[PDB]
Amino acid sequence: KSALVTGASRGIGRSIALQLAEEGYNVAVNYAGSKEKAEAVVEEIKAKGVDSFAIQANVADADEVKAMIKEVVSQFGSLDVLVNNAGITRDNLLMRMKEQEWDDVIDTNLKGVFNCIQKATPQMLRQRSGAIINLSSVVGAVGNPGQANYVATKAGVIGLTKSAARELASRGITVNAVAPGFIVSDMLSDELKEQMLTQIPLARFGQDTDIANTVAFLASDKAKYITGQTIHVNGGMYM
């Protein structure tokens, strides 16, 4: 069994890769930025006793994504789990937001998930199996001032999740999303943090591992009847 995680060089992506490796998956580590950080994650994954390698690719670019999937399948022999975790923010108030701030976030976060799903589908259709897990965010469900672009993409990812789920269900593929709340890795002044904590019933920020554990559950045989769903992992801030 083989998995690919996008934007896996650090934070939630890395934790996801490490957890999948803990479950017995071979894991390909996609990255955009630092090679050495990605290579370190690959070594951490190998320490779990599975195979791993890093692949550089901009998920916004359909050609690069196609080459990425082809390499994973070439190397691992299959593609059983795809985790679309890569994402960026370029925050600004509505009136101040630049066109490139919109475009960059939409192409990376929304088109990137589409690209990865699209390029992975032919392999999964031939397998007649697969699990795709997309990362959304609590703000995709509730909105947030200053992030109109990011919110649009994470809500859009939920819609894409549902559509892909309905389209691919007949061929044995599940498609789900995980929406983190306020997670320590993603983390500000202690004053701002204090206010954010008042929004959270559990009264603490979540950890990378909370997100990774949920993704791993969705990628497992234990979740084979779950599809089209968004699992909110947010300490109760949105219910």
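When you see a residue number, it is the position in the sequence shown, counting from 1.
The modelled chain breaks between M187 and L188, where 1 to 3 residues of the deposited sequence lack coordinates. Stretch comparison (42 to 50 versus 168 to 176) by mean CA B-factor in the PDB entry places 42 to 50 on top. Remark: stretch with higher mean C-alpha B factor among 87 to 95 and 100 to 108 is 87 to 95. Which of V65, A32, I183, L197 has the largest Cα B-factor in the deposited entry comes down to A32.
Ranking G146, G77, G140, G159 by the C-alpha B-factor listed in the PDB entry places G77 at the top. Per the PDB record, residue ranking by Cα B-factor puts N134 in the lowest third of the chain. When the CA B factors of the chain's modelled residues are split into thirds, the value for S9 lands in the highest one. Placement of the Cα temperature factor of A212 within the chain: middle third of the modelled residues, per the deposited record.
In this PDB entry, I55 carries a Cα temperature factor that places it within the highest third of its chain's modelled residues. Compared with the other modelled residues of the chain, the Cα B-factor recorded for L192 ranks in the highest third.
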